[PDB]
Each structure stands twice: as C-alpha cells, then as structure tokens.
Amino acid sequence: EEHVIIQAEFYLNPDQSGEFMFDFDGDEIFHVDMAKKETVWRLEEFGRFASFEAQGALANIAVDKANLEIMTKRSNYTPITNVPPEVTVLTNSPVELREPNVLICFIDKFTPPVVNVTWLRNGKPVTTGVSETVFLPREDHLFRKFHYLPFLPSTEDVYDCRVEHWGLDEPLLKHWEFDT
C-alpha cells in the first residue's frame, strides 16, 4: 500500500473518556475536542483546505459508549491489562547553546490511554509553553503520545520528562542535559 487513512475512536470506562481522530500514515490529521465540540487540525494549515463537522463525532462516540457496555457484559466483565509505556526524550534539532530548541517526550506502546506527564526543569515542574498531542493509535492497538517543551539550551539546566501510568510501579523519569 502507498497510504492509509484511519478514523480511530475509543471510549474508556469508568473514566468516560472518548476520543475521535483521523490518522494519515501514522500522523494525526485532526481530532475532535469533545467538550468544545470543535475540530482541531494538527497543523493549522490543514483547516484552510478541508473541514469536518465535529458534531458527527459525538454521535459515533455515543454508539461506542453503548457498545462498550455490551462488550463488557459479553466478556463477563474482563478488564484491560495495563501495558506500561516506553518513554524517550529527545530534541527536535541539534542543540546549540542559547539557540531555541524543543524537547520532545515520546510516550509509546501503552494502554489504557490515560497518563500523567510532567516536564521538570532542575527538579521543578514547568508548564510555560508546553504542548501535547491526544492519544494516537498504534497498529497493535496500543497507544502513543507526544509532549513538547520549547527551551533555551544552557549548561545550567537539566530536564526530565516524568510519566505516570497505572502499569508502572513508580513514575518513569527520562533525563536530558546539555552534552559535553
């Protein structure tokens, strides 16, 4: 195949979280903000060329919720087995002192799709300028997710991405600091 486009949905109990997104070759085209009932394009340019009626996603998620009820009963209430994430931290670009860069925390191969992620700078939580993706589907039907932190590289700062997941006994910290 040359390309694959997937409309991927999930609903999770008891959290009552439901997601709806389109994927092209492993990248997100858009997702629907369920609470705001709005289409969120992954790159802003996408929305100048295409549209999506967010309301339609809500109806599908409602069906998925009802289907989850049915399937939970059919399975004799067999719950999901937690699969803890693999976590990697990297930069967007080669690091140069005081040249703006971005730390990426890649959280991969996990389920259920619930995680707490914190960026730490010198052991302290930081939130200025941070961003993140929704939960993205994998071909093995686990999930992946990205978190981002713009930063100005210095010899004085160290960073960690701290990830909490029910499959982990303790939070996972992955470190980054300026090399040499």
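From 1 onward, residues are counted along the sequence shown.
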Look over 34-42 and 143-151 in the entry and identify the one with the greater average Cα temperature factor. 34-42
Please compare 96-104 with 69-77 and say which has the higher mean C-alpha temperature factor in the record. 96-104
Could you say which of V114, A59, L136, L120 has its CA atom at the highest B factor, as listed in the PDB entry? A59
Pick out which of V163, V158, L12, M21 has the highest C-alpha B-factor in the PDB entry. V158
Among all modelled residues of this chain, ranked by Cα B factor, put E132 in the bottom, middle or top third, i.e. lowest, middle or highest. middle
